[PDB]
């Protein structure tokens, strides 16, 4: 079975699984479900969601509870149970950092500060965040991580685990960097020539080279170097794709490093992270912003020629489901709502206030649009042209305001010879202006099959096609709309949309319909 691998060519990306592009339609457990007994409270949600991939912690404390005494009993049960249900895994290495802290390191690590030292603030007080310049901590982390990758090498020959997250939300809250004597001696010295060269700067000390950014850039570099060494070590055993997940700073008004998790893959240090950690496949945003404009900005910032988009975490409340559409539209490889288990916990106000079948259904309904075409969509996104949108007004908390909302709820997409107009919250007949869904929930996906032909599926929206350029006196129409499915990679037609179903755009409710739309311009001379 070919190793999973993250491919990057001509500004596009693909997660190869079993020798073909793959989309993670994911679900992540709560933080305390990484035990054999908890899995019974995980699988039912995953089945109701229709997820294809489960993200779940593997904690350093549980594989090495006593130094040198490894315990993979949980990984054994997890692999077995995942294969019975024919789903894949993303393991989350919870080790030196989990939300800035060492809580998931073994007691023999997190209680021995002299061996495994913490961030010291400028005032000399100590934060519960392990310093990236602790060489013992780096060696011990790597050692245990290598043993986990050895376990996968020997016991996961068919790659049930497709990707590994190295640490969980690295960084420090409460300070910008380590100010320990140890860290001070490294900070008061020359910037590594390798960072100097890879970045277009001039040789000198950290303060000389970076000025006002020296403290935060230093923390990012040293953390990025720690996480690269761990990643190189593990890849040496088994070369799986490996990524880091970011405690986002607000992109539009971040405040100061330390209010947000300093030293993580924040938007302002993606250049240090990419220069300092070339072995880490991608940097993934953890999205809990509710407002469309902020979420949209995060997707824009994390999708780069050098960075595949993977929404490694997103809130599991209703408004977040629709962001699947712009995530896949940007060439996203995956999307994983956080806390999708029945272990009696909710991260409200971040996620849903109540976890129940309705909570899961909001995501099941969007994943039902993509599951039937997952391999075809993944290939089109890598090799060709895709688009995706979400309803761009959030749920509400006179005559003019209705015109203003109608306009805001109308999106244009340039598909080459054809444009699509996407509108939200209106009847399936006639042209009454959009008033939006209550709550906000719609979105659309389009892939280009040919100059005049598109794959379309959408949710609580209307999609309408039109020419992209004025025609030289020709007219245009829909040539054919087919609803169908892929079987063995072949298109099977179920029915033709026509008449009422294509007079007033293409109207989608909550049910899944995958369309092939063929447009034509025609002479009337």
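Residue numbers count along the first chain shown, from 1. Think of the rigid core as the biggest set of C-alphas that the two forms share within 1.5 Å after superposition.
The stretch that strays farther, by root mean square C-alpha distance over structures and residues in 5 other deposited structures of this protein after a rigid core fit, is 194-202, when 194-202 is set against 336-344. Missing coordinates between residue 397 and residue 398 amount to 10 or more residues of the deposited sequence. 189-197 and 306-314 differ in mean CA B-factor, and the higher of the two is recorded for 189-197.
Stretches compared: 120-128, 451-459. Higher mean C-alpha B-factor in the entry: 120-128. Each of 256, 170, 364, 90 has a CA temperature factor in the record; the biggest one is found at 256. Based on the entry's C-alpha B-factors, the most elevated value among 375, 98, 150, 368 belongs to 150. Ranked by Cα temperature factor within the chain, residue 47 sits in the middle third according to the deposited record.
Placement of the Cα temperature factor of residue 471 within the chain: highest third of the modelled residues, per the deposited record.
In the deposited entry, the Cα temperature factor of residue 62 sits in the middle third of values across the chain's modelled residues. Sort the chain's modelled residues by C-alpha temperature factor and residue 12 lands in the highest third, per the entry.
The deposited CA B-factor of residue 491 belongs to the highest third of values across its chain.
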